[PDB]
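What follows is a set of notes on a single structure, which appears directly below.
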Amino acid sequence: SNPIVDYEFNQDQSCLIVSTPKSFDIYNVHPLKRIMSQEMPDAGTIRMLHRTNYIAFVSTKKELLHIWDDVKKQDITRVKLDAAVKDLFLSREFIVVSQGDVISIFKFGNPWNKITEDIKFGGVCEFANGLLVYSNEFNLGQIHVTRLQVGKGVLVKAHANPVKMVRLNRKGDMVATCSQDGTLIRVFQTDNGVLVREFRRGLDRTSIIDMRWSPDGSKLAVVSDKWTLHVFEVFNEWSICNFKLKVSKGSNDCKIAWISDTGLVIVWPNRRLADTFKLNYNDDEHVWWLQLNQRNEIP
């Protein structure tokens, strides 16, 4: 009966945090088990800091960004927001918030203040391991890559068409990119913006639902609105794997999570469902293939 309002993984993707109209819960991804649950109305977008007790959620009603203490069971602080949140990221140092046309950067810890002037951007962004990536506010095909020390950094003409989404690897030395076409998936070095690789998802155009690097950064998982799961070798050219995902009509969004160097989990918000995949390899024939092992309710 409880619908999922928002859901997201933690930085290593060992946890899944979700918000409902009545509460917000945290789960292990593999094995799928609920770690905790907290009665909480009006909880909007919600994020989690690693495997600590530090939780951040946005109040839909009062337009407030809370920092919730999971053991104290109370607010640490509340931050006033001026527009609707689009993205949210947490590190031990910074709180990166994407509200409206702007990216705001607060400090993680007292006094919980803004560290820099607000950055206007193109609508897509990513922050991971102190490394910020966002699209230029007018040149939507371009992306800025900067290290929060903010200061200036590298500019990359990623695509002709506007960039749709972006994904940093686990270390933070590479960024995967795609567009509205969803035909080409490019990989750049965060050091200098040089094109490392260029993948081809397919001939026809599709919207890309999610991307995610493997833990070692050797592989890149991709899911399109065609609802096909792709896997590309980096290896640090077409996909080495394909799998027609099992989707119903109500499904229109999901998120990928690597549980190992050879295991993925696809979380389905509307169906409240988690598909566990194994990435198999035949050393004799030098071929990869995907296998759907388990299908679990959240609950």
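To be explicit about the labels: the chains of the structure tokens are called A, B, and onward in the order shown, and within each one the residues are counted from 1, while ligands get numbers from 1 in the order they are shown.
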Q. Neighbours of residue 257 of chain A within 8 Å (only C-alpha atoms; same-chain residues fewer than 5 positions away dropped), as a list in words?
A. residues 9, 13, 212, 264, 265 and 266 of chain A
Output file for the selection above: C-alpha atoms, as a compact mmCIF listing (two decimals), in the first residue's frame:
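New file result_30.txt:
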# COMPACT_ATOMS: atom_id res chain seq x y z
CA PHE A 9 21.83 3.98 -2.92
CA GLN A 13 25.84 0.85 -3.00
CA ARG A 212 26.74 2.55 -12.83
CA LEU A 264 24.27 -6.34 -9.98
CA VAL A 265 20.97 -5.36 -8.40
CA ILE A 266 18.19 -3.50 -10.22
Q: Please identify all polymer residues within 9 Å of residue 196 of chain A, counting only C-alpha atoms, omitting same-chain residues fewer than 3 positions from it, and present them as a list in words.
A: residues 174, 186, 187, 188, 189, 193 and 234 of chain A
File of the preceding selection, N, CA, C and O atoms, as a CSV table (one decimal), in the first residue's frame:
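Output file out_36.csv is given in full below:
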chain,number,residue,atom,x,y,z
A,174,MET,N,37.5,8.7,-13.7
A,174,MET,CA,36.7,8.6,-15.0
A,174,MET,C,35.3,9.0,-14.8
A,174,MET,O,34.6,8.8,-13.8
A,186,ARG,N,30.2,8.0,-23.8
A,186,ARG,CA,31.6,8.4,-23.8
A,186,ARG,C,32.2,8.4,-22.4
A,186,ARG,O,31.5,8.6,-21.4
A,187,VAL,N,33.4,8.1,-22.3
A,187,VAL,CA,34.2,8.0,-21.1
A,187,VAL,C,35.4,9.0,-21.1
A,187,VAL,O,36.2,8.9,-22.0
A,188,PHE,N,35.5,9.9,-20.1
A,188,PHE,CA,36.5,10.9,-20.1
A,188,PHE,C,37.3,10.7,-18.8
A,188,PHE,O,36.8,10.3,-17.7
A,189,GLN,N,38.6,11.2,-18.8
A,189,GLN,CA,39.4,11.3,-17.6
A,189,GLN,C,39.1,12.6,-16.9
A,189,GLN,O,39.1,13.7,-17.5
A,193,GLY,N,40.1,15.6,-19.0
A,193,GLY,CA,39.0,15.5,-19.9
A,193,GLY,C,39.2,14.8,-21.2
A,193,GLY,O,38.3,14.9,-22.1
A,234,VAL,N,35.7,-1.8,-20.1
A,234,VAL,CA,36.4,-0.5,-20.2
A,234,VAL,C,37.9,-0.5,-20.7
A,234,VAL,O,38.2,0.5,-21.3
Q) Could you name the residues that touch residue 7 of chain A at 8 Å or less, counting only C-alpha atoms, but leaving out those on the same chain fewer than 6 positions away, as a list in words? A)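 Counting only C-alpha atoms, the residues come to residues 16, 17, 18, 19, 45, 46 and 269 of chain A.
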Using the selection just defined, write its residues with N, CA and C atoms as a JSON list (two decimals), in the first residue's frame.
[["chain", "number", "residue", "atom", "x", "y", "z"],
["A", 16, "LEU", "N", 20.32, 0.69, 0.53],
["A", 16, "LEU", "CA", 19.25, 1.36, -0.20],
["A", 16, "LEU", "C", 18.36, 2.08, 0.80],
["A", 17, "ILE", "N", 18.23, 3.40, 0.63],
["A", 17, "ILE", "CA", 17.36, 4.19, 1.48],
["A", 17, "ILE", "C", 16.18, 4.69, 0.66],
["A", 18, "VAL", "N", 14.98, 4.55, 1.21],
["A", 18, "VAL", "CA", 13.75, 4.93, 0.53],
["A", 18, "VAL", "C", 12.88, 5.76, 1.45],
["A", 19, "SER", "N", 12.01, 6.58, 0.86],
["A", 19, "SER", "CA", 11.05, 7.36, 1.63],
["A", 19, "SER", "C", 9.63, 7.08, 1.15],
["A", 45, "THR", "N", 12.91, 13.92, -1.07],
["A", 45, "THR", "CA", 14.14, 13.27, -1.53],
["A", 45, "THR", "C", 15.00, 12.98, -0.31],
["A", 46, "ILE", "N", 15.65, 11.82, -0.29],
["A", 46, "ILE", "CA", 16.40, 11.37, 0.88],
["A", 46, "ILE", "C", 17.71, 10.72, 0.47],
["A", 269, "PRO", "N", 11.21, 0.88, -8.25],
["A", 269, "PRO", "CA", 10.46, 1.63, -7.23],
["A", 269, "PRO", "C", 8.96, 1.33, -7.21]]
Q: Can you pull out every residue within 8 Å of residue 240 of chain A, counting only C-alpha atoms, but drop anything in the same chain fewer than 5 positions away, and send it as a count of residues only?
A: 7
Q: Quick one: pull the distance between atom CA of residue 206 of chain A and atom CA of residue 134 of chain A, Å, one decimal.
A: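 Going from atom CA of residue 206 of chain A over to atom CA of residue 134 of chain A, I get 21.9 Å.
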Q: For residue 166 of chain A, please output as a PyMOL selection string all residues within 12 Å (counting only C-alpha atoms; exclusion window: fewer than 3 positions along the same chain).
A: chain A and resi 123-128+132-135+141-145+158-159+162-163+169+174-179+185-188+208-213+222
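Closest approach to residue 137 of chain A from the set A:108, A:74, A:114, A:101 is made by A:101, with distances taken over only C-alpha atoms.
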Q.
Using only C-alpha atoms, can you tell me which of A:272, A:263, A:216, A:130 comes closest to residue 31 of chain A?
A. A:263
**Q.** Per-residue DSSP, segment 91-154 of chain A, filtered to strand (DSSP E or B), as a PyMOL selection string
**A.** chain A and resi 94-99+102-107+114+119-120+125-128+131-135+142-147+154
Q: Could you please determine the separation between atom CA of residue 84 of chain A and atom CA of residue 6 of chain A in Å, to one decimal place?
A: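 Between atom CA of residue 84 of chain A and atom CA of residue 6 of chain A the gap works out to 14.1 Å.
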Q.
Show me, as a list in words, the residues that have an atom within 9 Å of residue 200 of chain A when counting only C-alpha atoms, minus same-chain residues fewer than 4 positions from it.
A. residues 182, 183, 184, 185, 186, 237, 238 and 239 of chain A
Atoms kept (C-alpha atoms) for selection, written as an mmCIF file, in the first residue's frame:
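This is the output file selection.cif:
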data_model
loop_
_atom_site.group_PDB
_atom_site.id
_atom_site.type_symbol
_atom_site.label_atom_id
_atom_site.label_comp_id
_atom_site.auth_asym_id
_atom_site.auth_seq_id
_atom_site.Cartn_x
_atom_site.Cartn_y
_atom_site.Cartn_z
ATOM 1 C CA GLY A 182 21.384 7.561 -25.871
ATOM 2 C CA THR A 183 23.218 6.037 -28.830
ATOM 3 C CA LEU A 184 26.749 6.897 -27.683
ATOM 4 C CA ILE A 185 28.265 6.519 -24.213
ATOM 5 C CA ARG A 186 31.568 8.370 -23.818
ATOM 6 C CA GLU A 237 32.739 -1.215 -29.324
ATOM 7 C CA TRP A 238 29.480 -2.842 -28.247
ATOM 8 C CA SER A 239 28.341 -4.291 -24.923
#
Q: Find the spatial neighbours of residue 64 of chain A, counting only C-alpha atoms, within a cut-off of 8 Å - ignore same-chain residues fewer than 5 positions away - and output them as a PyMOL selection string.
A: chain A and resi 58-59+78-81
Go ahead and save the picked residues with C-alpha atoms, as a short mmCIF file (atom, residue, chain, number, x, y, z; two decimals), in the first residue's frame.
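As written to disk, again_8.cif reads:
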data_model
loop_
_atom_site.label_atom_id
_atom_site.label_comp_id
_atom_site.auth_asym_id
_atom_site.auth_seq_id
_atom_site.Cartn_x
_atom_site.Cartn_y
_atom_site.Cartn_z
CA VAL A 58 14.17 17.22 2.18
CA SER A 59 10.82 18.27 3.64
CA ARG A 78 17.89 22.38 9.06
CA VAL A 79 18.88 24.31 5.93
CA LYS A 80 16.59 26.74 4.11
CA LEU A 81 16.05 25.98 0.41
#
